[PDB]
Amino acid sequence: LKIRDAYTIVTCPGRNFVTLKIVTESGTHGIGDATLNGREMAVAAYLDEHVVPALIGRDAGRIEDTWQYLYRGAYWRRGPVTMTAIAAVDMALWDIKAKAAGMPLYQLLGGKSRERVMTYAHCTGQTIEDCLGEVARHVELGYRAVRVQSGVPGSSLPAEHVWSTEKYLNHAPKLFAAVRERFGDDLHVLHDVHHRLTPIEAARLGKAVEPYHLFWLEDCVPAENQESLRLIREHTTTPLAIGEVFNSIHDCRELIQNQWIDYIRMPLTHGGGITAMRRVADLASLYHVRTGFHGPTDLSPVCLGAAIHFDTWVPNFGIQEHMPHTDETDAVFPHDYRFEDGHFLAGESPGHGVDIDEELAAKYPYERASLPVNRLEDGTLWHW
């Protein structure tokens, strides 16, 4: 049916979320995540001031046409703000389509390819032992996979961290050796290098950690230049993951087609929604590349519900990141996905199974918060 109303909701139940809600003339509604961490109000404005008014009166069933209308119609294509706005609309429209079909989203997409969706948890410590304790506690929660991180020896506005590549490189292998010593070989172990290396440095790290058989080594190098992955891929057999900072298939087409990565990390709310990410996943599948959606707290339960539905259907699923939201957040975004024994189970309610309690949301006003920056020991502004 026709779109009668559309508007954003901004709320901060432990952290900032922006949500787009679309309401048809029949009263059926859908919501989509529009949260872009540290730049939230840019997306809110992109929506409120430019997209939202153009949605009014459109046929809500025309998902593809609306995607193209917003993507091409913007004239200025791609980008974090642009593609997050588009994702929010797309996610809301799929929510409405699934409701109209009377099916949970995963059925609409082609049905379930699996009975449960494997997640990984974050295990972080100041020391290696601190980290190991976190691994133990997540293993007990039923997690089959853990991302491990420990300190390297030696906020409203961005916090400023200090970084040393060489100290990190000499130290990191010790962490994975420790994990394997304590927990053995069955456990999937992931590591996020978080953009801090050059390609030949990452190649060195990849080789160094081969004996520990990592599930992936993530975001080795900044990849605006996709060729950056080539030296890494040519020098190590440690699996590679990338893409949480991407927003377009055009950010990763070459990475995938040249087989320079094993996992694509771009999530629904930043990658143009269901419509676009279906195309990204399908391109990946031609090259044995699997999905590994970014799943931090800064993607709302709306994205997570939609992602679990997507994960349930997509043939080339790899893994789903899990960073639990706060109780307050979960309360603001009632949902029917559930977590059991290290895995998500998709909801059965028509739609993506997530809603937003607007009354509750209104109790948590926006509070500005920025991501940190990283500087080298000489002060050079680096990659965080």
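Here, rigid core means the biggest group of C-alpha atoms that superpose within 1.5 Å across both forms. One rule holds for the numbers: they count along the sequence shown, beginning at 1.
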Overlaying the structures in 7 other deposited structures of this protein on the rigid core, point out which of 224 to 232 and 76 to 84 has the bigger RMS C-alpha shift. 76 to 84
Does the comparison with other entries of this protein show residue 155 left unmodelled in at least a third of them? yes
Using the PDB record, quantify the missing residues of the deposited sequence between residue 110 and residue 111 as none, 1 to 3, 4 to 9, or 10 or more. none
Mean CA B-factor: is it higher for 247 to 255 or for 121 to 129? 121 to 129
Mean C-alpha B-factor higher for 61 to 69, or for 334 to 342? 334 to 342
At the C-alpha atoms, which of 143, 263, 313, 260 reaches the highest B-factor in this entry? 143
The residue of 309, 235, 180, 77 with the maximal C-alpha B-factor according to the PDB record is 180
Can you tell me which third, lowest, middle or highest, the CA B-factor of residue 216 falls into for its chain? middle
Looking at the C-alpha B-factor of residue 162, is it in the lowest, middle or highest third of its chain? highest
Give the position of residue 185 by CA B-factor within its chain, expressed as the lowest, middle or highest third. highest
Where does residue 322 sit by CA temperature factor within its chain: lowest, middle or highest third? middle
Quick check on the deposited entry: does the C-alpha B-factor of residue 239 sit in the lowest, middle or highest third of its chain? lowest
